[PDB]
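S.K.: Got a structure for you, questions after.
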Amino acid sequence: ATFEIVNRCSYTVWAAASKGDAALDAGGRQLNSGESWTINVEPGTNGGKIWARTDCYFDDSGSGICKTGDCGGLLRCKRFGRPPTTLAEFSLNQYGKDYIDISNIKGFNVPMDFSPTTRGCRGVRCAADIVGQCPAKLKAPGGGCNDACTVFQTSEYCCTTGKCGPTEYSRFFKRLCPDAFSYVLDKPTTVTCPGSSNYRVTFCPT
């Protein structure tokens, strides 16, 4: 499947793409404002994520640090990134269907639209100013708005027992971005698309 990753933000982001135990395609790249990066994701990829990282410094070996979404100090991510990270999530070719969502379960750093470029389903977006409105206790100094699980590490926020409800914090994310997951057991906002769809992830869509 092809994913075009577009940075519409006015600032540079460093895109990342991983399935947790491996890079997808090159795994990461710098995107200046306006740049587009086209990656190929193997059919049948399960549990892929794309995110933006902000305020990164990397040396000529591709080693360094980002203030949001850092994936163990690498430009080319093999692993998932450190919160806060707005997440585009997908599982492809799962019994004939692709499943896509945006998630705020690991917080929010950059607004995002995640849309098919082929026919047969709708996209999802979380484009509100979550960082600006972020509750004081969830504000990350590096930038971004952390989720409550990351900050407080309780069973309730992290849904460790598999039983948990919405919280004051999850409801903040949900009020600003209804079409994104706000906690682990949120009513799913997954979109079902035809198997083998292609997609575009746009940072700062509006």
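Residue numbers start at 1 in each chain; chains themselves are named A, B, ... in the order of the structure tokens; ligands are numbered from 1 in the order shown.
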Which residues come within 12 Å of residue 124 (chain A), counting only C-alpha atoms, excluding same-chain residues fewer than 6 positions away, as number ranges by chain?
M.R.: A: 87-89, 99-103, 111-116, 177-181, 189-193, 199-202, 205
S.K.: Write out, as a compact mmCIF listing (two decimals), in the first residue's frame, the residues just selected, with N, CA, C and O atoms.
M.R.:
# COMPACT_ATOMS: atom_id res chain seq x y z
N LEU A 87 -1.35 9.79 16.78
CA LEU A 87 -1.02 8.58 16.04
C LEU A 87 -2.01 8.31 14.92
O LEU A 87 -3.20 8.27 15.16
N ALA A 88 -1.46 8.04 13.71
CA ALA A 88 -2.22 7.42 12.64
C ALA A 88 -1.95 5.92 12.74
O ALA A 88 -0.80 5.51 12.71
N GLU A 89 -3.02 5.14 12.88
CA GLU A 89 -2.85 3.72 13.14
C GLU A 89 -3.55 2.91 12.05
O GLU A 89 -4.65 3.30 11.60
N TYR A 99 -8.12 -1.25 8.24
CA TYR A 99 -8.70 -0.52 9.36
C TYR A 99 -7.77 0.63 9.73
O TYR A 99 -6.58 0.38 9.95
N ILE A 100 -8.34 1.82 9.78
CA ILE A 100 -7.54 3.00 10.09
C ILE A 100 -8.19 3.79 11.23
O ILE A 100 -9.41 3.81 11.38
N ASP A 101 -7.34 4.49 11.99
CA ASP A 101 -7.86 5.37 13.03
C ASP A 101 -6.78 6.37 13.36
O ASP A 101 -5.63 6.22 12.96
N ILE A 102 -7.23 7.44 14.02
CA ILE A 102 -6.33 8.32 14.71
C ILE A 102 -6.56 8.13 16.19
O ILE A 102 -7.68 7.91 16.62
N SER A 103 -5.47 8.21 16.95
CA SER A 103 -5.53 7.97 18.37
C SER A 103 -4.79 9.08 19.08
O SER A 103 -3.70 9.46 18.68
N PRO A 111 -1.42 18.23 14.79
CA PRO A 111 -2.72 17.93 14.22
C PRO A 111 -2.51 17.08 12.97
O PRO A 111 -1.48 17.20 12.33
N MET A 112 -3.49 16.26 12.65
CA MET A 112 -3.33 15.25 11.63
C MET A 112 -4.67 14.94 10.97
O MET A 112 -5.72 14.90 11.60
N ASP A 113 -4.60 14.69 9.67
CA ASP A 113 -5.67 14.12 8.88
C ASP A 113 -5.13 12.82 8.30
O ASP A 113 -3.97 12.74 7.87
N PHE A 114 -5.97 11.80 8.32
CA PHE A 114 -5.59 10.50 7.82
C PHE A 114 -6.73 10.03 6.91
O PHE A 114 -7.82 9.73 7.40
N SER A 115 -6.49 10.05 5.61
CA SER A 115 -7.53 9.91 4.60
C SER A 115 -7.07 8.90 3.55
O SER A 115 -5.89 8.80 3.22
N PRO A 116 -8.01 8.09 3.03
CA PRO A 116 -7.73 7.23 1.88
C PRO A 116 -7.57 8.13 0.67
O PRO A 116 -8.19 9.19 0.59
N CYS A 177 -11.39 16.39 19.80
CA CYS A 177 -11.24 15.47 18.68
C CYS A 177 -12.09 14.22 18.84
O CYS A 177 -11.62 13.14 19.23
N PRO A 178 -13.39 14.35 18.53
CA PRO A 178 -14.32 13.25 18.70
C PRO A 178 -13.98 12.02 17.86
O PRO A 178 -14.34 10.92 18.23
N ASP A 179 -13.27 12.21 16.74
CA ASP A 179 -13.03 11.11 15.84
C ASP A 179 -11.72 10.40 16.12
O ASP A 179 -11.34 9.54 15.36
N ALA A 180 -11.07 10.75 17.23
CA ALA A 180 -9.88 10.05 17.65
C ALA A 180 -10.14 9.28 18.95
O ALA A 180 -10.92 9.72 19.78
N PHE A 181 -9.47 8.16 19.12
CA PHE A 181 -9.50 7.45 20.39
C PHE A 181 -8.96 8.32 21.50
O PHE A 181 -7.87 8.85 21.37
N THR A 189 -13.41 4.51 16.90
CA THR A 189 -13.60 5.43 15.78
C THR A 189 -12.87 4.89 14.56
O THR A 189 -12.50 5.65 13.68
N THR A 190 -12.60 3.58 14.58
CA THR A 190 -11.94 2.90 13.48
C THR A 190 -12.80 3.06 12.23
O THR A 190 -14.02 2.95 12.30
N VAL A 191 -12.14 3.32 11.11
CA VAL A 191 -12.76 3.29 9.81
C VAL A 191 -12.35 2.04 9.05
O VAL A 191 -11.16 1.68 8.98
N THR A 192 -13.36 1.42 8.41
CA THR A 192 -13.15 0.23 7.61
C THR A 192 -13.05 0.69 6.16
O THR A 192 -13.94 1.36 5.67
N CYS A 193 -11.94 0.33 5.53
CA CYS A 193 -11.72 0.65 4.15
C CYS A 193 -11.52 -0.64 3.37
O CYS A 193 -11.13 -1.67 3.94
N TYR A 199 -3.30 5.70 1.02
CA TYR A 199 -3.65 6.69 2.02
C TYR A 199 -2.71 7.89 1.99
O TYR A 199 -1.63 7.81 1.43
N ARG A 200 -3.19 8.98 2.58
CA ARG A 200 -2.42 10.18 2.80
C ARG A 200 -2.59 10.61 4.25
O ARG A 200 -3.71 10.67 4.76
N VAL A 201 -1.45 10.83 4.89
CA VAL A 201 -1.41 11.42 6.21
C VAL A 201 -0.90 12.83 6.06
O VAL A 201 0.21 13.02 5.57
N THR A 202 -1.69 13.78 6.52
CA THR A 202 -1.34 15.17 6.43
C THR A 202 -1.19 15.76 7.83
O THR A 202 -2.15 15.79 8.60
N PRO A 205 -3.39 19.75 8.83
CA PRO A 205 -4.24 19.78 7.65
C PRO A 205 -4.95 21.12 7.44
O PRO A 205 -5.25 21.40 6.31
S.K.: Among region 2-189 of chain A, which ones does DSSP assign to strand (DSSP E or B) (computed from the backbone)? Answer as a VMD selection string.
M.R.: chain A and resid 2 to 7 13 to 18 23 to 31 36 to 40 48 to 58 63 to 68 74 87 to 94 97 to 103 108 112 to 116 124 to 126 139 145 180 to 181
S.K.: Between A:119, A:203, A:141, A:159, which has the minimum distance to residue 35 (chain A) (counting only C-alpha atoms)?
M.R.: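 Residue with the minimum atom-to-atom distance to residue 35 (chain A): A:203.
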S.K.: Of the candidates A:86, A:40, A:68, A:46, which shows the shortest atom-to-atom distance to residue 104 (chain A), using only C-alpha atoms?
M.R.: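 Going through A:86, A:40, A:68, A:46 one by one, the smallest distance to residue 104 (chain A) is for A:86.
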S.K.: In Å, how far is it from CA of residue 15 (chain A) to CA of residue 123 (chain A)?
M.R.: 19.2 Å
S.K.: Go through A:23, A:41, A:140, A:184 one by one, measure the shortest atom-to-atom distance of each to residue 82 (chain A) using only C-alpha atoms, and give the residue with the smallest value.
M.R.: A:140
S.K.: Applying 10 Å and only C-alpha atoms, which residues near residue 168 (chain A) remain after dropping the ones on its own chain fewer than 6 positions away? List them as number ranges by chain.
M.R.: A: 135, 148, 174
S.K.: For residue 196 (chain A), list every protein, DNA or RNA residue within 7 Å, evaluated using only C-alpha atoms, and leave out those in the same chain fewer than 2 positions away; present the list as an MDAnalysis selection string.
M.R.: chainID A and resid 1 43 92:93 98 194 198
S.K.: Those same residues, written as a PDB file, in the first residue's frame with N, CA, C and O atoms?
M.R.:
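Once everything was written out, this is result-v1.pdb:
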ATOM      1  N   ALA A   1       0.892  -1.187   0.000  1.00  0.00           N
ATOM      2  CA  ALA A   1       0.000   0.000   0.000  1.00  0.00           C
ATOM      3  C   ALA A   1       0.912   1.213   0.000  1.00  0.00           C
ATOM      4  O   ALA A   1       2.030   1.129   0.477  1.00  0.00           O
ATOM      5  N   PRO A  43       1.559  -5.184   2.273  1.00  0.00           N
ATOM      6  CA  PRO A  43       0.228  -5.711   2.531  1.00  0.00           C
ATOM      7  C   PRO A  43       0.282  -6.643   3.731  1.00  0.00           C
ATOM      8  O   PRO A  43       1.296  -7.320   3.954  1.00  0.00           O
ATOM      9  N   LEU A  92      -3.595  -3.474   7.771  1.00  0.00           N
ATOM     10  CA  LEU A  92      -3.959  -3.623   6.366  1.00  0.00           C
ATOM     11  C   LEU A  92      -4.273  -5.094   6.036  1.00  0.00           C
ATOM     12  O   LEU A  92      -3.626  -5.990   6.554  1.00  0.00           O
ATOM     13  N   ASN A  93      -5.239  -5.279   5.134  1.00  0.00           N
ATOM     14  CA  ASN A  93      -5.515  -6.580   4.517  1.00  0.00           C
ATOM     15  C   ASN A  93      -5.848  -7.592   5.612  1.00  0.00           C
ATOM     16  O   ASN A  93      -5.247  -8.666   5.697  1.00  0.00           O
ATOM     17  N   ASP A  98      -9.077  -3.043   5.328  1.00  0.00           N
ATOM     18  CA  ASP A  98      -8.088  -2.220   6.010  1.00  0.00           C
ATOM     19  C   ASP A  98      -8.821  -1.466   7.133  1.00  0.00           C
ATOM     20  O   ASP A  98      -9.993  -1.132   7.033  1.00  0.00           O
ATOM     21  N   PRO A 194     -11.670  -0.591   2.035  1.00  0.00           N
ATOM     22  CA  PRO A 194     -11.372  -1.764   1.219  1.00  0.00           C
ATOM     23  C   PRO A 194      -9.953  -2.201   1.488  1.00  0.00           C
ATOM     24  O   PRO A 194      -9.072  -1.364   1.581  1.00  0.00           O
ATOM     25  N   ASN A 198      -5.007   2.922  -0.521  1.00  0.00           N
ATOM     26  CA  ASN A 198      -3.848   3.786  -0.347  1.00  0.00           C
ATOM     27  C   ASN A 198      -4.282   5.011   0.437  1.00  0.00           C
ATOM     28  O   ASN A 198      -5.459   5.311   0.548  1.00  0.00           O
TER      29      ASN A 198
END
S.K.: How far is it from CA of residue 6 (chain A) to CA of residue 34 (chain A), in Å with one decimal?
M.R.: 6.7 Å
S.K.: List as a VMD selection string the protein and nucleic acid residues near residue 38 (chain A), meaning an atom at most 8 Å away when only C-alpha atoms are counted, but skip any in the same chain fewer than 5 places from it.
M.R.: chain A and resid 2 to 5
S.K.: With N, CA and C atoms kept, could you save the residues just selected as a PDB file, in the first residue's frame?
M.R.:
ATOM      1  N   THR A   2       0.450   2.312  -0.580  1.00  0.00           N
ATOM      2  CA  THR A   2       1.259   3.515  -0.585  1.00  0.00           C
ATOM      3  C   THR A   2       0.634   4.513   0.390  1.00  0.00           C
ATOM      4  N   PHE A   3       1.487   5.161   1.162  1.00  0.00           N
ATOM      5  CA  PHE A   3       1.076   6.219   2.051  1.00  0.00           C
ATOM      6  C   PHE A   3       1.873   7.453   1.641  1.00  0.00           C
ATOM      7  N   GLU A   4       1.181   8.515   1.357  1.00  0.00           N
ATOM      8  CA  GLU A   4       1.861   9.777   1.149  1.00  0.00           C
ATOM      9  C   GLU A   4       1.730  10.561   2.458  1.00  0.00           C
ATOM     10  N   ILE A   5       2.877  10.989   2.974  1.00  0.00           N
ATOM     11  CA  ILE A   5       2.925  11.700   4.238  1.00  0.00           C
ATOM     12  C   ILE A   5       3.312  13.137   3.882  1.00  0.00           C
TER      13      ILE A   5
END
S.K.: Distance CA of residue 169 (chain A)-CA of residue 204 (chain A), one decimal place?
M.R.: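 CA of residue 169 (chain A) sits 22.9 Å away from CA of residue 204 (chain A).
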S.K.: I'd like to know which of A:163, A:97, A:175, A:78 is closest to residue 126 (chain A), using only C-alpha atoms.
M.R.: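 Of A:163, A:97, A:175, A:78, the one nearest residue 126 (chain A), counting only C-alpha atoms, is A:175.
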